[PDB]
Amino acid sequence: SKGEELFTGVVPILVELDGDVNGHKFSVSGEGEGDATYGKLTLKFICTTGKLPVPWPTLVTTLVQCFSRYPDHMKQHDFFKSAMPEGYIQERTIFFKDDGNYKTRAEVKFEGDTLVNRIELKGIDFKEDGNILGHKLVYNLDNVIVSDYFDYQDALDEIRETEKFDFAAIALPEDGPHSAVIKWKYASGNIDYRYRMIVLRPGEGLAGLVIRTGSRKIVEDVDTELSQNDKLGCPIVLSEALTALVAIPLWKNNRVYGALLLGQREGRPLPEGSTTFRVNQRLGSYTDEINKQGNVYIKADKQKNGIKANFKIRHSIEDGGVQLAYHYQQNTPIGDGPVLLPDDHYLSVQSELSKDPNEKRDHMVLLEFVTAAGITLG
């Protein structure tokens, strides 16, 4: 269209933010380049008023989605670029779970040949020793739960619901200089956390057996079918009080990368079956689909001639943890001309944060990759 043509090459960016968070006033300035053919953003930000009172990652989301790579089959869904050069207004509300919130208004428009982001930001109700005002968040924007990357828990939950089981767990090997060890790392339906303390040498226990075998083990009754040595060698059974179980190898590039245990307790009988293949297909499919939790979910707002977006940002915490930031976002065009209104889709964002080695002021170097996805028709 008309707004498309402008982003064909590298575009300079100016960003300015005026902020008040719990009475703490501050200002931030940023500049860089955006390349929407790559979905790439390079920028540097400076706190020009002194020290930044909030952790830098919490402002990344606030500090130009018109630079997102839309593949050809999705160009019909750039509201952002369609609103150019007149620009658009981005209001947004960010609720930090169990802490304060940001209210932000931003103008994103072309000034000359420079794409510009001007922001007013008001933050309220923050705890003085909270993660934000206490700068307890780690310096990155990895939109992930480090402790359960891949989200076995949630996938495992689904497996437990779908295969009508009382217990689900995944065992994974961990290398070592001349040997390895298998541990039970992720579990659904667990009664203890003592399964977490199990350590198996290779080929030992139910997990080691399944991983060396690469074939399942079905146990319809533990007490009748498992020897005393069997139970001695398989501590997960007694630890989680199992009366029946099925152990399944997990297959990747034609290798067993782990073990999945499905468990019945209180004498409850084993239910039907799944062919290891289906089981592996699921947990593949479910994990892959659920890894989209951090993406930006865009939906049209026909009445406001614009769009709205939702997402959640996971901020790692110093000691281990996650601070949640729930984002509600409104985008309305500046001009009164025609804009493109899209079918629901999402944006995937990779964000990297660093520091300029010759910069004494409080700052943030930001590299970002953003692609649109979620529509496969026409």
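Heads up: residue numbers just count along the shown sequence, starting at 1.
Going from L63 to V64, the model skips 1 to 3 deposited residues, which lack coordinates. Once the C-alpha B-factors are averaged per stretch, 15-23 and 350-358 rank with 15-23 first. Looking at mean Cα B-factors across 303-311 and 144-152, the upper value is held by 303-311.
Note on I89, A171, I198, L238: the highest value goes to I89, judged by CA B factor as recorded. As recorded in the entry, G130 carries the highest CA temperature factor of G176, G263, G284, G130. When the modelled residues of the chain are ordered by their C-alpha B factor, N229 lands in the highest third. In this PDB entry, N331 carries a Cα temperature factor that places it within the highest third of its chain's modelled residues. Among the modelled residues of its chain, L242 has a C-alpha B-factor that falls in the middle third according to the deposited record.
Ranked by C-alpha B-factor against the other modelled residues of its chain, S188 falls in the lowest third.
Ranked by C-alpha B-factor against the other modelled residues of its chain, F79 falls in the highest third.
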